[PDB]
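One structure below.
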Amino acid sequence: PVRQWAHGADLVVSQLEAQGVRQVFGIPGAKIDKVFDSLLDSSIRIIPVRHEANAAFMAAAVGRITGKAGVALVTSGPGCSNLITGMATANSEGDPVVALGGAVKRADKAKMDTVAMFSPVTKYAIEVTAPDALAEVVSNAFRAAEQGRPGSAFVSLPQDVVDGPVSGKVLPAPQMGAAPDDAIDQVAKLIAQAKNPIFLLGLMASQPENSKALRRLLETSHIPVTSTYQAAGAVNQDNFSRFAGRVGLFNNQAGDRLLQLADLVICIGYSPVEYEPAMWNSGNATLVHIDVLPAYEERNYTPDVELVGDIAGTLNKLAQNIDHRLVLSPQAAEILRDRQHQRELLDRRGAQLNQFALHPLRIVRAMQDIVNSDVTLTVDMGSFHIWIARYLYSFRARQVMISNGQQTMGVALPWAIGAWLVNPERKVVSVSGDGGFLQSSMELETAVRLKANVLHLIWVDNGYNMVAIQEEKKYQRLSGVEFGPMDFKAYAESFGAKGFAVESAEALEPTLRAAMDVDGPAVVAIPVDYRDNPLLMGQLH
Amino acid sequence: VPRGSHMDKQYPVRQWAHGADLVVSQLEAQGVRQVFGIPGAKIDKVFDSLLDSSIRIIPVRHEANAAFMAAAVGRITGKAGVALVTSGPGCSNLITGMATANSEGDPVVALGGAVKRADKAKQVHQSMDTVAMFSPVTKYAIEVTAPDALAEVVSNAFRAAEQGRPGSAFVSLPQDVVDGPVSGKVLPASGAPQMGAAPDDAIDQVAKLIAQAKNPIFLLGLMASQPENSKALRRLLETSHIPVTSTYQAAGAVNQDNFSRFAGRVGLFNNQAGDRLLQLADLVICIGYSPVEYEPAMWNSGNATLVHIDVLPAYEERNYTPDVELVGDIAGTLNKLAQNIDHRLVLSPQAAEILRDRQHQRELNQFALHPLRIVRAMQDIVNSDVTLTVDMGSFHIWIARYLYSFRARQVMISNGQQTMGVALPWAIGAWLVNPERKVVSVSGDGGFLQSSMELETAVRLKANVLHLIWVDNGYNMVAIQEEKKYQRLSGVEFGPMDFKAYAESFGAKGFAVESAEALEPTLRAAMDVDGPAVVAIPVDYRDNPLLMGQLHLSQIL
Amino acid sequence: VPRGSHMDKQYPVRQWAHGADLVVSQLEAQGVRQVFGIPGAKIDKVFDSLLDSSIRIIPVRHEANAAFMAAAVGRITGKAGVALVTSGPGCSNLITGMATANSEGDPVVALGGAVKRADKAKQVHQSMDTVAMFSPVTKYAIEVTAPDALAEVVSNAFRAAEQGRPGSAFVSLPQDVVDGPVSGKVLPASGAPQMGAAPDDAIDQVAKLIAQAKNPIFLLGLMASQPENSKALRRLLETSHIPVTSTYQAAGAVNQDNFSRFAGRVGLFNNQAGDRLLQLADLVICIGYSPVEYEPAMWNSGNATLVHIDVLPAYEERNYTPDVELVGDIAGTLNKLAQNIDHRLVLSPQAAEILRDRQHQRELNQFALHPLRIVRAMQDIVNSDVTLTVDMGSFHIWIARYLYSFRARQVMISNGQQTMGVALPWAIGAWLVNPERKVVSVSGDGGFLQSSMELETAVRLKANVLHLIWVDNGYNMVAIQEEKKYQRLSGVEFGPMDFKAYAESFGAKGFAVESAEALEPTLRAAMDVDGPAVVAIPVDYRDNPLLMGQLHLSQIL
Ligand SMILES: Cc1ncc(C[n+]2c([C@H](O)CF)sc(CCOP(=O)(O)OP(=O)(O)O)c2C)c(N)n1
Ligand SMILES: Cc1ncc(C[n+]2csc(CCOP(=O)(O)OP(=O)(O)O)c2C)c(N)n1
Ligand SMILES: Cc1ncc(C[n+]2csc(CCOP(=O)(O)OP(=O)(O)O)c2C)c(N)n1
Ligand SMILES: [Mg+2]
Ligand SMILES: [Mg+2]
Ligand SMILES: [Mg+2]
Ligand SMILES: [Mg+2]
Ligand SMILES: [Mg+2]
Ligand SMILES: [Mg+2]
């Protein structure tokens, strides 16, 4: 219904409601405060954060889970530029985010060029200069964020546009069918002829709408699977016997050996940016691309067969047309048997008593004890990230947020807060180093204020270890990587959250269990002995 | 055997002596048959490497026209036409042509020379960031900074130009990259994706809307004209019997000879059959259409249900917010829709009356010639075997107004950016694709002189092109609007020329119509010339104000 | 009485009916005497408002040449030439011309139409973000989005074009802004700033360097040619007696007639007097020079102390990192330096020998004509009362090589971007500034046909321009380098034309040289024509490889 609106902000809020938005994250200011004011009259919850960067991280968590964009709302100038890192992180990981940023009155733009600053790190960036287009622009931002391979979108809203009246109407919010039957038959024939097929899963294969169809295709075909880190949660060792690990980080993965051995590779939901094809595509295998978009071709990614459409309907049709389960070639069996032994060796069953400060593998064990299938895990960036990534095969979480191609620090706690708001009846564990922690730890006030049931673990080394380990390897000396200690227990408690500090190994497991039982935000500082990190870092590409 | 194989004898991995050789080998894999351009030092190794190829070098006389010629090739073949130019002004002379191709959806790849990578940042070259200059007028614009990426970038440029909604693509080639060695292979070209149709539930939703509509109409856009959609479109029209109108970009997607309920074109006039059926419609089904082709505020009354069928979701703007989107392979969607239509449309009395009115067309000795006399004489020489290309100016409006009585099956007229000078270069490009057929190009005297340097190219090629000039000694399309708004003229009058002698100085055949009676015999004589000819036709534009009141005037730039 | 007064009867605050009227009033305040361009609907109110002004409307036949003509006006008058075009292709047709003006430092303001503000974002217009397209090739590019800013933006565009190091500036004018009402006043134009000279301690530092140098030389750039610096430059040269060489952008900053130690120009050759003195120098003092004019890697051996004198600090690049910078008003700095020079330079034997060698110049009946024969005949008709303009191609190198024996005081040849087509439009612009003087323009057949449409403009204006074509039926400058590198040619040959008849079809006088003996009498006859004339001169380019070995070959685009 074309309505007359007293304020553009009111039409904005009504469009947000049509988009299923449940919360907005951000920080108000004069240029944008009419949108904040209009939200008082809506069902949408206003969540003030303490740094705009984290509004973008929280929004990304909401977008990743729900498939509908999370929303950040900030004022002009620094409110917008404080989003840029967060928006680039969302765009890189495929998380649907819409950021609405205030701007000066249109008449004053003559006397920050936010659109130019956001264009390199968004799918869509635009400023509303014609009030008659307000709802169209917002709708287009959600469509850009949510459709295809999702990503981030930025809309600049001049103060006079959202304050003044407008004429317009709200616009209501699967958009593709399955790949054609002839293409399904073509792929099914290739599968029937292949001796060493393998599935390479990318981002879109991990979307919730695809989980049942993916499982049916794997159950029917029993074809080995390897996954990019964007798709780290699509399949795991505990739910598929022919899982070959995540590829992209470690130089000794079954998935890579199977990709090298393959005579047929079927990439599902995958874009080359997720794992450089020069690393895995020999060119000797027939290459099938299945995604919501055409292939992003490059010299090491020129598919022989290209299917575009609804992934679930496509995989369901494909499963319906596979004649027999794969019988592994002897080479493929050995690769997977090799990986079983690799996993046993990584478990370190017999070298199981430890020393202090805590050995990383001891911390991983204690984390895997408290993270079960009802718990979400978020992972920051740092040396601990490599440890957790190495042991993803033995984590059994509801969901793991870990993929981080920009390698942005500070993501874990805001990701966890956003994920908790989606399913607040559940617990979230976030883990970071001490460097990443302090880049977003201001949101502990937000977490206390929300009573968010988040447990944050800090691997404490008083430095930037992941950088130090590389400096030591290249130069045998450290520079800019050491800093001072903090009383993290007292730090957490000054916010009104529960604090814990692990003063002994034996206290590790009971402390984490005690922290998990807190109904609300808790922080646990865990001193770590990274001496053995060179051992793990040598397992990297 | 796989496309990416490093042991394919048809696409071997080689240590190429010059990156230019790999570029040329890649062009061959893209099906390129000729390149249009002007050489210079930075790009001359690509010109040289083309000597060892089956690809023909066609030197033009101004780079803008290389882009125009390439667009004609792209539109007709569906594979990108290619322009090749040197650094600096060789590149910047392409920008209007690349914008025109991108706006019309014509696949064009421009390869432009650049200074050596080490010299890029020197102040001498600060006013020629060509990627920044081409980004606003292309789908794809990139510079090759790594020799290993040479084939990938050229391949990706063709893929951007040709796939999705086609458009123009620019590649900057630094001199040291094309002159120096490279290791790599050609990337074999891929076809269109095997794309799902729209979802079945959405298609049923639209079938039900069709069953309930009293005045449905199909609005065809650019992608409806692609050959992969031809059979499916024909079958849907035969099964549904729903009327159809086409934007100018939809080209010959449908013709009156095959479908009795074709209402003609939309995009310029406000009062023709297609416009009246769109105004009457309770359901508009757009196929392969984007608002770039025809501003929706001009045709969408907001009273009809709106369906969007295309390979891409809609970009919602004012007056184009579809109620249902059918996203996917157009042919697959149309085939599924045709299966779910239970009966042929019984036209409303008003709709039947609109189409009957279009069927009626009753088919002037003043000198200078009346526009209608010129149109009628052109319709005599332009038969189904002849391609027609049309420039921009008042004559374009006359020709568009009576396009229904031209029987050329190949017409290049669509020109949303309203670029002058396009007609002769479009005609040369079209002739090169089908040299066994005559092309007739038509312009005003303003547009003629913006690209007439290519008459030398036409003579050198022996192109069978007849160019007609409507001569008024001014920029009439601008004058009409100035007279209407201000009742006085500014900047629209210039002096006369002897266009017969002008054409002959190129070695083309020249003609000038000096009386009304001489029009038709002169056109026949110029048509019988086997090679380039130019005919000047003095025109009396007195009646033009009456035609422009039938136009969407706000669209004129 | 103050410049910003709201009660100035000479610049009243008004409720203007149309923003276009305020634009035109602002142009009058900037001293604009004519505008070059092509109208269209979006911009036609500015054309209309010019009817009520003393400013002359000059319609051109291709927008590129409006930019070229404007550059000639800017260079000669020091106040920006003005191009006026419509939206879309009217704007994008300017880009090469704006880049050429910016690179040469010619002040040019282009006013381009645009769609109404409300329509800017519609998809039809997505390929014409003109500010983004012009930003890489201008000093200043902006769109007026607030009517209250109309005069400010036009004023600021002239200030960007004219002040500092001059260049080109673009203003986008939305149709609704120029058609609708505005409240405001004209902004009176300001002069150059009253700028301090370089600091006294730095000037003494350079005076001491002069006192110690055995082979000092002045290298003059663009800003040395500005009239405000003329007396100061002359006085410094007379006091110091230091030799001087000029980039091509320095124009007529110094001539051999006034200063006996002028070594000629640098920028193309590697072996002329200026190049040898720069190679010999222990001290190089650059005045008004920027590396954009002449790549420092070509001339700076790194063995001399380097002084930078300009209104702006240096931008340090490879081979241009000055040891002392004298930043400030050039005239003020040169006047202070002259006061601190204690004696005239005694030239070194080598330096004196270099200059003696330049003084020697001993001042061929084959057909086609030898280039040297053509140069010598041109030197007969080009006297101090005649302006000479020169296009790009091999003939440019010949003319540059013997520029020392042309006695025209006004020569437009500098062309770092190497843009073809410049000469005829430059000549028309120059003639409009001083219509009492003859202009001779010279091009090849390639460059001729890129701008020859302006022969109609020349005939319509009755411009006293003689255009000479060196005719080889190819793109020779490219062919020479292809032959040298590859020993074969590609894309450089085209067909012949009857240029006499070509010119006559415009109503210009045409001539064709058919024998060596006929060259000089034909040139004299074409020179005696009072109005536009064209002379075709067949040229034998066999010897060109010998000339190009004297060039910095890497500079050719
Ligand atoms: C925003 C940003 N800046 C720089 C960096 C650089 N950096 C990392 C990159 O991934 C590697 F270049 S990780 C990291 C943090 C290390 O500090 P902690 O969090 O304490 O973890 P620890 O390894 O000690 O366990 C850094 C600094 C960053 N990621 N992100
Ligand atoms: C490159 C360019 N500049 C300006 C315009 C604006 N314009 C549109 S039609 C036209 C007149 C064309 O004159 P002509 O070719 O002689 O056609 P006529 O209307 O006189 O028949 C102009 C100048 C344009 N469309 N393209
Ligand atoms: C717009 C443009 N395109 C290409 C070039 C490269 N180029 C430099 S000189 C030249 C040849 C010019 O031919 P012509 O005008 O006939 O002069 P000639 O050398 O034959 O005497 C070319 C194509 C250029 N400088 N400018
Ligand atoms: Mg972007
Ligand atoms: Mg740390
Ligand atoms: Mg672009
Ligand atoms: Mg005309
Ligand atoms: Mg700029
Ligand atoms: Mg030539």
Side-chain angles (χ1 to χ4, degrees), chain A residues 53 85-86 88-89 360 363 379-388 404-412 431-441 457-471 480-483 526-528 530 533 537, chain B residues 59 61 391-396 420 443-449 469-480 492-494 496-497 536-539 541 544, chain C residues 59 61 391-396 420 443-449 469-480 492-494 496-497 536-539 541 544:
Chain A
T85 297
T89 306
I363 305 169
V379 186
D380 211 287
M381 185 53 56
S383 287
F384 61 92
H385 179 114
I386 306 301
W387 279 98
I388 292 164
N404 200 346
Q406 294 290 342
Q407 293 182 314
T408 308
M409 300 164 51
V411 293
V431 56
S432 76
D434 34 24
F437 175 67
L438 276 196
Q439 291 214 349
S440 60
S441 64
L457 313 175
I458 313 174
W459 294 36
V460 174
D461 73 317
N462 302 338
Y464 294 126
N465 181 263
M466 196 172 175
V467 180
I469 301 298
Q470 286 230 49
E471 289 185 342
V481 294
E482 298 177 15
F483 51 73
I526 305 169
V528 58
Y530 277 148
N533 276 12
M537 302 320 181
Chain B
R61 299 304 296 269
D391 215 285
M392 185 55 52
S394 290
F395 60 91
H396 176 126
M420 295 164 57
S443 73
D445 36 20
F448 175 67
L449 230 58
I469 312 171
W470 293 36
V471 181
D472 74 318
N473 299 329
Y475 295 127
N476 181 263
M477 200 177 181
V478 181
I480 303 301
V492 294
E493 294 164 57
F494 47 74
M497 285 178 62
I537 311 172
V539 65
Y541 273 154
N544 279 13
Chain C
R61 299 304 296 269
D391 215 285
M392 185 55 52
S394 290
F395 60 91
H396 176 126
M420 295 164 57
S443 73
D445 36 20
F448 175 67
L449 230 58
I469 312 171
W470 293 36
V471 181
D472 74 318
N473 299 329
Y475 295 127
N476 181 263
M477 200 177 181
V478 181
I480 303 301
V492 294
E493 294 164 57
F494 47 74
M497 285 178 62
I537 311 172
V539 65
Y541 273 154
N544 279 13

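Sequence lines set the chain letters: A, B, ... in the order given, protein chains first and strands last, and positions in each chain run from 1. Counting starts at 1 for both ligands and their atoms, following the listed order. Basis for what follows: all heavy atoms, side chains included, without hydrogens, waters or symmetry-related copies.
Using a 4.5 Å heavy-atom cutoff, the side chains of A/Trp387 and A/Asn533 are in contact. Considering only heavy atoms from C-beta on, A/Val411 stays 4.5 Å or farther from A/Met381 through its side chain.
A/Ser440 approaches A/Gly410 most closely through the heavy-atom pair OG-O, 2.7 Å.
At least one N, O or S atom of C/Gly474, from either the backbone or the side chain, sits less than 2.8 Å from the Mg ion (ligand 9).
Side-chain atoms of A/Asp380 do not come within 3.5 Å of backbone N or O of A/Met409 as any donor-acceptor pair.
The closest approach of B/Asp445 to the Mg ion (ligand 7), by N/O/S atoms, is made by OD1. For the Mg ion (ligand 7), the nearest N, O or S atom contributed by B/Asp472 is named OD1.
Protein residues are said to neighbour a ligand when one of their heavy atoms lies under 4.0 Å from it; for ligand 1 these are A/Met381, A/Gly382, A/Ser383, A/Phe384, A/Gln407, A/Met409, A/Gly433, A/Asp434, A/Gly435, A/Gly436, A/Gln439, A/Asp461, A/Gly463, A/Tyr464, A/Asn465, A/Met466, A/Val467, A/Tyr530.
For the atom pair A/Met537 CE and A/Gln470 CD, the distance stands at 8.5 Å (nearest 0.5 Å). Rounding to the nearest 0.5 Å places CG of B/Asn476 at 9.5 Å from CG of B/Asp445.
Taking the six-membered ring for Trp and the full ring otherwise, the centers of A/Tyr530 and A/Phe384 sit at least 6.0 Å from each other.
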